[PDB]
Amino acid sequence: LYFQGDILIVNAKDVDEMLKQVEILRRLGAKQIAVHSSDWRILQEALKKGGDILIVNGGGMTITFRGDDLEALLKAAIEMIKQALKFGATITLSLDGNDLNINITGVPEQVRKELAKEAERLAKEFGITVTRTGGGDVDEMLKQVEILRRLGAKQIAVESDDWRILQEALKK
């Protein structure tokens, strides 16, 4: 890899870990550091601390299930993941402590609404807690992008798993 020519992207789920990773790349002389995150706060912090490129998720929803037993969180999530996959979604799973984060992309608003209703009902049936839902709205995305630009972002990038869906939300 070329520290001068290649873009090195930090995929960040926590602000402090993000800052440490950007610092490592800076101290290695990386000239093009990007930060990719679903958390606008992380992208806002990166902008101030040497993130040259801020990578935003376009139109993705995140559902977070919280509970003490990971097997039960996953058991509860399986039916919703099954439906999401059948609707054409891409699903990303990660663990933040006792939280199971389920990011769902590649689906339109009415499908995101259905999946959030499913998550709510599954959490009740399985006795777990939903601590985050939704978040794919395009208007919110553009507002947040504008905040990044006005704070001084050097370069914005937007990632989507289905620009056919995203162009329909942006056409108006």
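All residue numbers are counted from 1 along the displayed sequence.
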Q) For the C-alpha atoms alone, is the average B factor greater in 124-132 or in 111-119, going by the entry? A) 124-132
Q) Looking only at CA atoms, which has the higher mean B factor in the entry: 12-20 or 155-163? A) 12-20
Q | Residue selected from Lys143, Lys48, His36, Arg26 by maximal Cα B factor | A | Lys48
**Q.** CA B-factor placement of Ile147, once the chain's modelled residues are sorted into thirds
**A.** lowest
Q: Could you say whether, by C-alpha temperature factor, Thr92 belongs to the lowest, middle or highest third of its chain?
A: lowest
Q. For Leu73, does the deposited CA B-factor place it in the lowest, middle or highest third of the chain?
A. middle
Q) Taking the C-alpha B-factors as the PDB entry records them, is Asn103 in the lowest, middle or highest third of its chain? A) lowest
